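Student: Structure provided below as structure tokens; questions to follow.
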Amino acid sequence: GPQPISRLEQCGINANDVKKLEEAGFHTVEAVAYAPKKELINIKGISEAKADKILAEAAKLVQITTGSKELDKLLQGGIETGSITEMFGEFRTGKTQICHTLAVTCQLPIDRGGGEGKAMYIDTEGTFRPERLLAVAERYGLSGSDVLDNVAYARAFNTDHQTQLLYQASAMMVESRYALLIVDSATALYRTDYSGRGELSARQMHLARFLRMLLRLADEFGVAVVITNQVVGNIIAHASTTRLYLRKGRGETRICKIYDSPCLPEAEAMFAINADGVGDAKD
Amino acid sequence: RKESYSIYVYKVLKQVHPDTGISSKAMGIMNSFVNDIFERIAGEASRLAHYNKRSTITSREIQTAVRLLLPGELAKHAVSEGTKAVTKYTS
Amino acid sequence: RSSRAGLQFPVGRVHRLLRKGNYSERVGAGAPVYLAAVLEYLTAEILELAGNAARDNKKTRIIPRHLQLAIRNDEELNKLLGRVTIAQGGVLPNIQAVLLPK
DNA sequence: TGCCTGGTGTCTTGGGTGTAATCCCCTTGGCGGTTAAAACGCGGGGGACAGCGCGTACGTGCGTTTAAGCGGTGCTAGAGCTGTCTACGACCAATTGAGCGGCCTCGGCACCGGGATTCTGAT
DNA sequence: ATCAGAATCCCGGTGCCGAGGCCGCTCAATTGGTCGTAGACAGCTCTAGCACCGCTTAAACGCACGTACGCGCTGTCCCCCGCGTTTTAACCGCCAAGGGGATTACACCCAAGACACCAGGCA
């Protein structure tokens, strides 16, 4: 966690210099410490000697239910909060529907398979429907209005906007308790933006940074991170903890397969897409 | 192809000693010499430009590099020749 | 890229320094990774030995003296830094045998 | 006058990196002589090395003095940063002449030989 | 001082092969124009380098004295030099061959697309 910069004054930095460091926007001893001298020196009323004293003394101090029961059993009860679970599958498999369902189930009591936290829906595809959220909320008997109140929503127009929303997510997730972060068509902007072959490393780098920010937020807030992937990157293998393959069974009933878990078996479960919900298959 | 300073060394030789020749081995040593001093001066000039956050190597960097690398009278005469050459060239 | 390479030293920064140091017109993707890894390793070897010296001296903080002891007491580091001066390092204790009393 | 029921078929590049086939001449390999250099033996002399004496220069200690160090204060020169803009260097296409590879020849140098001079060591 | 002998230097002759020059060619430097940008200059800030005063005290300094070490001298013996004799292998020249350095010819991956084709008479 953080090591608030207050602790730096006990090292014998005078408090005025700490206030100037806070003015710069450095608020922890960790924050000042792993930065060079010039950042603290550039602050008004701070010399190089005080900065050397600061750096030297600073180094001294520094399960959400899927709502398909059969799928929950496949997952041993639902998504583990604090980790990334990847569901890769074809279009029309219900990925957007699953996102809408989870956006509400996260708000469920933990004893009901929720995280008792607010939800975060980052859309890149325009498919965000508050009315679908209302349907899922009424399914689980949650207030649809409260679902929208526990879902902060923003549509990312590009990869840069996609990463920029993470900055708002990190500061906003501190102020309110969240349990779910949704990124729908998470890989589409990496395909439309990064379309070249020479750009493979570029999309991989942007994705890597995006994933690292995701991991930091997951470890920071203990929330579930849900991203959706269409498989028509090898970087995701190390990053996803649980890989789910989704394929259509005709009508509204979908087949789920586990394609990676270091602990969980490779296995499959059948579920359906119902007006209210993403919910177990009911032949 | 494969470059050397041989013809220029020979022209200079003809300037200072009109009736004197030079062996193949000796010419090889002169070529080694010119390349060596080129590398020393160019390298120092490169560092001079870098230290001062300049992207251009100018005659001033060459001159300073010469002052750093050459001893005493060699340095003074070399500086004189470079300056003279640049002045003759400019007009 | 540092995380991708499993490193602590900054690959991006090393890449930038390679680009702006006028070493070559082009720089491969693996070059700054390799360089960063080497710099990190050597840093680790010197810090390992210097830490050892610091503890031998019952000190918890590494000072230049410990760096000098670490470097000069290690044949290969001593070789690598043969023409290098460590400020405030001092020298290894060493008295020629002929100078000692009989 | 008023009636149904029948399956089975193909064939299609693009971009940007690693491999063997090609090939030729020098690097590697051997033979043969011949001669200069290396190997070996030996005598001896001179140089390394150990021992000894001495005298003087340097280490040690002490009283004096000198200035380095530290701490505060003052100010101004100049390092450092920012803004602007223009000169200057990258870049690019057409031209061409300087520079390089190849060929040829003659003169500087090298090899040989023989006399002169130098130099060394024994007398 | 002298003198003989061994080594080197010098002087001249002959040869030979590499340096110097010439010529074809080709590609790299030059010229002319354009454009972005970098660095030259102005100006402002504010850091730190220089200057100073005063007090303290630890370091420098001058000197006395004793003695350990540098240095000169002497003897010894051993081991390196220098020279004669034998051996050997480096060196010169010539030939064979092959191997690797430089040049030309050859897969693996993701990409999805694309519809056609009517026939057959009885009681």
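The chain as shown is numbered from 1 upward.
Determined by electron microscopy, 6.9 Å, according to the entry header.
Cβ atoms here come from the backbone N, Cα and C positions, even for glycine.
Pulled these features from Swiss-Prot for this protein:
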{"type": "DOMAIN", "residues": "A:28-57", "note": "domain 'HhH'"}
{"type": "MOD_RES", "residues": "A:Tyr34", "note": "phosphotyrosine"}
{"type": "CROSSLNK", "residues": "A:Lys38", "note": "ubiquitin cross-link"}
{"type": "CROSSLNK", "residues": "A:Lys44", "note": "ubiquitin cross-link"}
{"type": "BINDING", "residues": "A:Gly89, A:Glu90, A:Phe91, A:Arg92, A:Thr93, A:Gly94, A:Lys95, A:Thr96", "note": "ATP binding site"}
{"type": "REGION", "residues": "A:146-219", "note": "region 'Interaction with PALB2'"}
{"type": "MOTIF", "residues": "A:207-222", "note": "motif 'Nuclear export signal'"}
{"type": "MOD_RES", "residues": "A:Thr253", "note": "phosphothreonine"}
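Each of these features: where is it, how hidden is it, and who are its neighbours?
Tutor: Cβ atoms under 8 Å from those of the domain 'HhH' (A:28-57) belong to residues 2-5, 7-8, 11-14, 16-17, 20-21 of the same chain, restricted to positions at least 6 beyond its ends.
Neighbour list (A:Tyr34 (phosphotyrosine), Cβ cut-off 8 Å, at least 6 residues apart, same chain): A:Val62.
DSSP assigns A:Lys38 (ubiquitin cross-link) to a helix in the three-state reduction.
Around A:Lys44 (ubiquitin cross-link), a 10 Å sphere centred on its CB holds 7 further CB atoms from the protein chains shown. In the three-state DSSP assignment, the secondary structure recorded for A:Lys44 (ubiquitin cross-link) is coil.
Sequence-distant neighbours of A:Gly94 (ATP binding site): residues of the same chain at least 6 apart with a C-beta under 8 Å from its C-beta are A:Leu246, A:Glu252, A:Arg254, A:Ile273, A:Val278.
Helix first, then strand, then coil: DSSP counts for the region 'Interaction with PALB2' (A:146-219) stand at 46 helix, 12 strand, 16 coil.
Counting only same-chain residues 6+ beyond the ends of the motif 'Nuclear export signal' (A:207-222), those with a CB under 8 A from a CB of the stretch are 81-84, 159, 162-163, 166, 169-170, 173-174, 178, 181, 190, 233, 235-236, 239.
A strand conformation is recorded for A:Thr253 (phosphothreonine) in the three-state DSSP classification.
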Student: In which DSSP state, out of helix, strand and coil, do we find A:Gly89 (ATP binding site)?
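Tutor: Reduced to three states, the DSSP call for A:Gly89 (ATP binding site) is strand.
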Student: Counting across all protein chains shown, how many other Cβ atoms sit within 10 Å of the Cβ of A:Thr93 (ATP binding site)?
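Tutor: Its Cβ shell of radius 10 Å holds 22 other Cβ atoms.
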Student: Same chain, not part of A:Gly89, A:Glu90, A:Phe91, A:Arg92, A:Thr93, A:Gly94, A:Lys95, A:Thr96: whose C-beta falls within 8 angstroms of the C-beta centre of the ATP site? Give them in sequence order.
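Tutor: Counting only non-site residues, the set is A:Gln97, A:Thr228, A:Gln230, A:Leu246, A:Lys248, A:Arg254.
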Student: Sorry to bug you, but what's the C-alpha spacing from A:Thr253 (phosphothreonine) to A:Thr93 (ATP binding site), rounded to the closest Å?
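Tutor: Spelling it out, the Cα of A:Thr93 (ATP binding site) and the Cα of A:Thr253 (phosphothreonine) are 9 Å apart.
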Student: Spatially speaking, which of the recorded positions A:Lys38, A:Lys44, A:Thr253 is closest to A:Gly89 (ATP binding site)? Use C-alpha to C-alpha, please.
Tutor: A:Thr253
Student: When the Cα-Cα distance from A:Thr96 (ATP binding site) is computed for each of the recorded positions A:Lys38, A:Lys44, A:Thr253, which gives the smallest value?
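Tutor: With Cα distances computed to A:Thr96 (ATP binding site), the winner among A:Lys38, A:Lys44, A:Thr253 is A:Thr253.
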Student: Only counting partners 6 or more residues apart, tell me which same-chain residues put their Cβ under 8 Å from the Cβ of A:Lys38 (ubiquitin cross-link).
Tutor: A:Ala51
